[PDB]
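Protein chains in written order, with the deposited numbering: chain B, 2 to 103, 114 to 142, 152 to 268; chain C, 2 to 103, 114 to 142, 151 to 207, 218 to 268; chain D, 2 to 103, 114 to 142, 152 to 268; chain A, 2 to 103, 114 to 142, 152 to 268.
Cβ atoms here follow ideal geometry from the backbone N, Cα and C, with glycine treated the same way.
To keep things clear, I will list the structure first and then write my remarks on it.
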Amino acid sequence: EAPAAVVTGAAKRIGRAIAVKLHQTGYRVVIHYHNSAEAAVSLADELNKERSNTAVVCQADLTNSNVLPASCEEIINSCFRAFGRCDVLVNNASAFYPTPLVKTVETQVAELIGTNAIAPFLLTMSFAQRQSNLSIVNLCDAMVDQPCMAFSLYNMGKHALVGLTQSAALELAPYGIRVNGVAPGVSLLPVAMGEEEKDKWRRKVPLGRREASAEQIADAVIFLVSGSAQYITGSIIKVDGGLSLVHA
Amino acid sequence: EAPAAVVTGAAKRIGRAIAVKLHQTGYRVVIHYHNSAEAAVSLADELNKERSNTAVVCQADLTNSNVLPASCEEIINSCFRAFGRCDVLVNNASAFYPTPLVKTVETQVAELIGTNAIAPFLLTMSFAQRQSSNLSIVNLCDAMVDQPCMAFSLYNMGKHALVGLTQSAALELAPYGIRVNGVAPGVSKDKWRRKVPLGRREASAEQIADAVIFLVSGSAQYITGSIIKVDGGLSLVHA
Amino acid sequence: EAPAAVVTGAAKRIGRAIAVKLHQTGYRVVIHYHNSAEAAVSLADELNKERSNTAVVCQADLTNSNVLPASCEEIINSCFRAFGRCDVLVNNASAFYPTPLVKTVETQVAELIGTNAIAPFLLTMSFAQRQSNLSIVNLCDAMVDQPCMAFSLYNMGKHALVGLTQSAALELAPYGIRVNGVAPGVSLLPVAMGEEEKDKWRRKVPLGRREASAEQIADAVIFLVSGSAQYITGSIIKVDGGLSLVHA
Amino acid sequence: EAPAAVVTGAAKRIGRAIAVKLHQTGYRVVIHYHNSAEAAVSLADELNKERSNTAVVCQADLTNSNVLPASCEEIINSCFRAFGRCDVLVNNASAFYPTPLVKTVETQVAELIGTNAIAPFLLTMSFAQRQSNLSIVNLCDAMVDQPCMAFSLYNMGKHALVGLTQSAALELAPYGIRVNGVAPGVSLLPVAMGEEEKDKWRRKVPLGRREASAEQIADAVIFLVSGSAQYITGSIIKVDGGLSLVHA
Ligand SMILES: NC(=O)c1ccc[n+]([C@@H]2O[C@H](COP(=O)([O-])OP(=O)(O)OC[C@H]3O[C@@H](n4cnc5c(N)ncnc54)[C@H](OP(=O)(O)O)[C@@H]3O)[C@@H](O)[C@H]2O)c1
Ligand SMILES: NC(=O)c1ccc[n+]([C@@H]2O[C@H](COP(=O)([O-])OP(=O)(O)OC[C@H]3O[C@@H](n4cnc5c(N)ncnc54)[C@H](OP(=O)(O)O)[C@@H]3O)[C@@H](O)[C@H]2O)c1
Ligand SMILES: NC(=O)c1ccc[n+]([C@@H]2O[C@H](COP(=O)([O-])OP(=O)(O)OC[C@H]3O[C@@H](n4cnc5c(N)ncnc54)[C@H](OP(=O)(O)O)[C@@H]3O)[C@@H](O)[C@H]2O)c1
Ligand SMILES: NC(=O)c1ccc[n+]([C@@H]2O[C@H](COP(=O)([O-])OP(=O)(O)OC[C@H]3O[C@@H](n4cnc5c(N)ncnc54)[C@H](OP(=O)(O)O)[C@@H]3O)[C@@H](O)[C@H]2O)c1
Ligand SMILES: NC1=N[C@@H](c2ccc([N+](=O)[O-])cc2)N(c2ccc(Cl)c(Cl)c2)C(N)=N1
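Take a look at the structure:
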């Protein structure tokens, strides 16, 4: 059989491009989504028209809560119920917004630490418990050590995720499960953000003065789950066009 | 008058050494304690014999809950009530235990992420909100963050998150004159002692406290976003 | 129309596996060597048997000295003379031996800092001066923050190479030249090392209790030079089986 | 009697503030200088005025060459000749100038890698070979991972100095010698810089929008050599007012 992958937050943007590229590489995919129900089903539609019975969707809120363990368990079970196996997990889903030090605070903690770190941890536990080229890829952030002003909790979540990547690589290595991260710099800039602000960011990037395409991010995920990365674990590949090297 | 410090988890071990040493330097201190009332009060007793009314205790569970925010605001308020000011926050309290990937898990999260990272973040917000002054926060980090103990995932995540906080907070609070730094102990088992380059022994708590003292001093007035390792070289030793 | 690559120290072990895998991907190769003439020629003969006129050898000492600049310029020149172009430089050649703080020391400096850091810098200058998927890959070391006892100069050269990787990424990005590193852990243990000591090192590797093959290192090099790594620069991929995550 | 320290490049700016504060703290000091003969001699005068026989000068070029080991050996020898002991080495001397990838190149290598890295290594070997609270402090660079463009060789020298810090910390620990670093951001801007340009660097510094005074860098050095730092070795304290945290 074809291997199977779970991609969290795969309805739009980078997670979609990852799901598509794994699909094109011959994976069956679980497309997880939270709110983007239309975009999820439609993507699964396109993929199933390319090969029947090779994409399903799965809805879950990945905010931290006393039911988060069961939703993460459920995401993983969805892959085994659809495909009989689960080879790859890509932790892509992520909340992003300011939490100035100077939504209630408990809800921000719940969404920014929950989605960025606790859900990846619970998903990793269930993926491991339900188990060959097994691997987990976490989408980290190339700018973790030069953070955006007023994004403390997002930054805390992404650092926690680097910690999980290292801890899990070490603890799951004996079972043959590799864990690695991909750390984008600036990739798809929200059309939400304006055009002048968009160009401000583009100008900062050494390699081409442009943001990464979603495809460029997905290419590095594909390498890490590939047979070419069989000895790579605990590694985080930056895909940032040199942005993390530029001083203030 | 004299500056004032909050130290979390101050009843015992490293938090105690920090509270004593800040007190010897002339700080008034809040000794925060969860379960250790007797030890906290005994220490406040000792400090107030040295100088009257320079040490109060403050009870709070720093588990993450819907009440954590209120608990953290109260720790900071304790200091302003007792002393009229709060110059230093030392985020020392911390839960430590394994969480194998292969207590409910959500209880482990509330303690290992709540105590180690979320309470520091909420205390930092309260400290800053409530503000020749010398304001600083010092976070107790871990020198072994990049070579973690097997099966210590959540703890390791919490300490990494604390490093992120240290950096984000240093950047955001710098305009307010508040410095934010970290101290990362190693071992502070003869297996362990023997691995340590510098003299085959664990640090004393007092050696941890010495680095804290430096970071709060006027000798460290340009330092922020820095994490001083106090590990006797342990993190440099390969497998 | 085939691109061309220089691999330094290409006659044996990891540099040989890199040259072979670049060749297999369609590159013409300069096989640089120092002392290993027979192994170098024999590799070029094999590659040229596969595809005529696709491999040449180039002899040079990469120790630091007043002639090192001209040697490095000639290595690069040899690629343009043989193939009309030079698209990839792999800085793989490296001396390694102890230098206790407690050969003259200046020869040890010349060899450990020259081969490991200064020759890379001079090659990178020549490569960029003589200039499309252009990229340089430096072979770094995953254990650079937990160094071997009494290897100060080696460790200094490898840290200097990290700095070069970062500096040259930033400065060559505007010319579209990407610069990245591959940091092995333990790979291809010396055939001469007694099996009981090899075992000590293998035992420490979480992923599989085995050293990497040379080909596993080469796989990461192939990724970085490929069209899939087009937005990656200033990155260093560790290929170490999780060894740098293991505490003492 | 009083402990003794060597400070390299101590005639002016940061190394002077370090020699002063060491002396204020009770040390006898060797003020190493290269060209700054007037300033060196003047400083030792001020110090000896305050406590007789507590300061000597020692001239040396710290460029890499086949005589660099003898000069480093002599700097340390001068301390033993003047004071009978040598407790502290501060590696502060350093060249800094552009070396664009696109003075011969071999002279740049000798000065930028020699002063920043090789001389510290050789000084370290001499210090250790010649041997209460023994310690070495290397002056590193907070910006080493976000380098100034066109400063490759300087950046390579500073990264090498970090490696030396760690390698020597590990190797010299069993002899009771601690090795640590202090990494300034921007400190004491030169008067040879435009109002415009000084304000450019100043505006970036989060903590007070101002460079460090030399005194602020010396303060950290004092701490690492003090008995309050007896368990600290292998550590590098950034003294940069937050500058390394600021993104592009
Ligand atoms: N984009 C960049 O330039 C960049 C830079 C650095 C790092 N990254 C990392 O790369 C990854 C993908 O980036 P992106 O820009 O594609 O991210 P994105 O568009 O912000 O969001 C990814 C998905 O996360 C899901 N999500 C958000 N909150 C959730 C919750 N409470 N429960 C469940 N799912 C939730 C959303 O799914 P629904 O739409 O179904 O609600 C969303 O589609 C992220 O991990 C990000 O932090 C990206
Ligand atoms: N000791 C080491 O070798 C070492 C190594 C690496 C890092 N560190 C870091 O150094 C710091 C101090 O270490 P230590 O060994 O002194 O730590 P510790 O003895 O385990 O604990 C510090 C204090 O934290 C408090 N604490 C724990 N859970 C709490 C909760 N849910 N609510 C409120 N308070 C809670 C406890 O207070 P009560 O007793 O009042 O209940 C405890 O006495 C920690 O941040 C730690 O991770 C230490
Ligand atoms: N193998 C590992 O586990 C490992 C671990 C960490 C890092 N690395 C890095 O990976 C790269 C490849 O490693 P390896 O184990 O294959 O290395 P290797 O066997 O030690 O040697 C690489 C080649 O370097 C060339 N070389 C050495 N000194 C030279 C000089 N003065 N001038 C010119 N060339 C010289 C030699 O060419 P000739 O044979 O023709 O004389 C040698 O065969 C190196 O940069 C190494 O530091 C390897
Ligand atoms: N200032 C900053 O903002 C900053 C930022 C990052 C790092 N640093 C580091 O902190 C340390 C001191 O900084 P600084 O700005 O005071 O540096 P500085 O003014 O540039 O120079 C320090 C001294 O090193 C000596 N030196 C230069 N070339 C030499 C050679 N060939 N032989 C012997 N000595 C030589 C010079 O001595 P003579 O004058 O006697 O010739 C010079 O006074 C340096 O290691 C520097 O890299 C400083
Ligand atoms: N340049 C370089 N060379 C190799 C190396 C050292 C010794 C031998 N040997 O004796 O055959 C081979 C490679 N090397 C290395 C060092 C230790 C080990 Cl265990 C291995 Cl596999 C390679 C390294 N890091 N750099």
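Would you say residue i touches ligand 5, meaning its beta carbon is less than 7 Å from a heavy atom?
i                 : result
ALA40 of chain D  : no
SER207 of chain D : yes
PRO167 of chain D : no
Tell me whether the beta-carbon of residue i lies closer than 8 Å to the beta-carbon of residue j.
i                 : j                 : result
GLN186 of chain C : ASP165 of chain B : yes
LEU134 of chain B : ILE77 of chain B  : yes
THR55 of chain A  : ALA121 of chain A : no
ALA162 of chain B : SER233 of chain B : no
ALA180 of chain D : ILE124 of chain D : yes
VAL206 of chain C : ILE19 of chain C  : no
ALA94 of chain A  : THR126 of chain A : yes
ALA40 of chain A  : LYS22 of chain A  : no
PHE132 of chain A : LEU173 of chain D : yes
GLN142 of chain A : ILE197 of chain A : yes
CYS80 of chain C  : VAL42 of chain C  : no
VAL202 of chain D : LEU244 of chain D : yes
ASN67 of chain D  : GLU117 of chain A : yes
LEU184 of chain B : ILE15 of chain B  : no
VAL266 of chain A : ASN200 of chain A : no
Which residues does DSSP pair with residue i in a beta bridge?
i                 : result
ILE32 of chain B  : B:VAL8, B:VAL58
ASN92 of chain A  : A:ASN158
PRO226 of chain C : Partner(s): none; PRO226 of chain C has no beta bridge.
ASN200 of chain C : C:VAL157
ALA249 of chain A : None; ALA249 of chain A has no bridge partner.
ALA232 of chain A : A:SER207
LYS258 of chain C : C:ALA203
How about residue i: is its Cβ closer than 7 Å to a heavy atom in ligand 4?
i                 : result
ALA162 of chain D : no
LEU159 of chain A : yes
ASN65 of chain A  : no
Taking 7 Å as the cut-off, is the CB of residue i close to at least one heavy atom of ligand 2?
i                 : result
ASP62 of chain C  : yes
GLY183 of chain C : no
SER37 of chain C  : yes
Can residue i be considered in contact with ligand 3, in the sense that its beta carbon sits closer than 7 Å to one or more heavy atoms?
i                 : result
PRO204 of chain D : yes
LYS224 of chain D : no
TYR34 of chain D  : yes
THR55 of chain C  : no
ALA94 of chain D  : yes
Below 8 Å between beta carbons is the criterion; list the residues of the stretch 244 to 260 of chain C that meet it against any residue of chain A, in chain order.
-> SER248, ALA249, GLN250, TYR251, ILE252, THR253, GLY254, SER255, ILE257, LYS258, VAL259, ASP260
Looking at chain D, which residues of the stretch 197 to 219 of chain B have a Cβ within less than 8 Å of any of its Cβ atoms? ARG198
Q) Using a Cβ cut-off of 8 Å, which residues of the stretch 183 to 197 of chain C contact any Cβ in chain A, in chain order? A) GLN186, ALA189, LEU190, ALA193, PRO194, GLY196
When you compare the stretch 223 to 232 of chain A with the stretch 192 to 201 of chain C, are there three or more beta-carbon pairs, one atom per stretch, that lie closer than 8 Å?
With a cut-off of 8 Å, the stretch 192 to 201 of chain C and the stretch 223 to 232 of chain A count as touching, because enough Cβ pairs lie within range.
Residues within the stretch 114 to 136 of chain A neighbouring chain C, beta-carbon criterion of under 7 Å
none
**Prompt:** Do the stretch 3 to 22 of chain A and the stretch 85 to 93 of chain A make contact, defined as three or more Cβ pairs closer than 8 Å?
**Reply:** With a cut-off of 8 Å, the stretch 85 to 93 of chain A and the stretch 3 to 22 of chain A count as touching, because enough Cβ pairs lie within range.
query = Is the number of C-beta pairs between the stretch 245 to 259 of chain B and the stretch 209 to 220 of chain B that are closer than 8 Å three or more?
reply = In short, these stretches do not touch, since the Cβ pair count stays below three.
Review point. Is the stretch 167 to 179 of chain D in contact with the stretch 24 to 43 of chain D, if contact means three or more CB pairs nearer than 8 Å?
Key: no
Relative to chain D, which residues along the stretch 157 to 173 of chain C have a C-beta separation below 8 Å, given in chain order?
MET163, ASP165, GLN166, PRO167, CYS168
Q.
By the 8 Å beta-carbon criterion, what residues does the stretch 63 to 81 of chain C contribute toward chain B?
A. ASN65, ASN67, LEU69, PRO70
Q) What residues in the stretch 33 to 57 of chain D bring their beta carbon closer than 7 Å to a beta carbon of chain A? A) Residues: none.
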